[PDB]
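One chain comes next, on its own, written out as structure tokens in the form deposited in one PDB entry.
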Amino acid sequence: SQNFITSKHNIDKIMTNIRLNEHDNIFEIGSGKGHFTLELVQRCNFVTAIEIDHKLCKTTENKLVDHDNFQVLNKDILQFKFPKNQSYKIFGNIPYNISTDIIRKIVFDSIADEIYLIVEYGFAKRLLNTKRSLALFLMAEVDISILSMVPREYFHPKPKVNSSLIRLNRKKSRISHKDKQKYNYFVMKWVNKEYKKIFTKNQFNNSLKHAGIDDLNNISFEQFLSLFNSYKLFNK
């Protein structure tokens, strides 16, 4: 059930959009046959490949024979403990079934200042959709941008849908550690339209007009923050 991108011609097309340089240390999520890995090692300063499947760790190693700036840890990305005092970036052509868990792991339990992932086209659209809780929790920590479309033919087994190469850039968190829970509760209550649990009937009108929200079915992350902030004001 794991797919791969093994056409160099295609890999180069995708590297074209990935701006990683010679001095960055990179953590790749799932080396697979080592195709993207082979390019990263040449492209970057050092690559720590994290592959769960042990046979693939081997293949990754055979692939990277004429190279030294890498290591292949046979671990589970979800259980990995990233450095807490180093500057590193992340890349990964990750599986659909655990996209949410991986992205959450690397954005909340890692300090990579720049993350490059390939995910399903739809799932990418969702990461930017202010109507879903994931996008909202994520936008407090990173800026999300879709760089290009990865045709399903580039993959094998050929999936039923296309994919997108996306980029997550770290930013000074917009949500203080103090507001950790308030923001969480508020995000969940708002996405579920359970407005009354977070705003009285008037607090809600003022908050929307204050944030300048005309279409309540289409709001910017910046507007949403306004809402959250008003929310804080109203409750001590």
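The term rigid core refers to the most C-alpha atoms you can superpose between the two forms while keeping them within 1.5 Å. Numbering starts at 1 and runs along the sequence shown.
Heads up, the form deposited in another entry isn't pictured, but that's what we're talking about next.
Only one of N97, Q86, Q79, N129 has its Cα shifted by 2 Å or more between the shown form and the other one after fitting on the core, and that residue is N97.
Between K160 and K55, the Cα spacing is larger in that other deposited form than in the shown form, differing by no less than 3 Å. Relative to this form, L73 and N97 approach one another in that other deposited form, with their C-alpha atoms ending up at least 3 Å closer.
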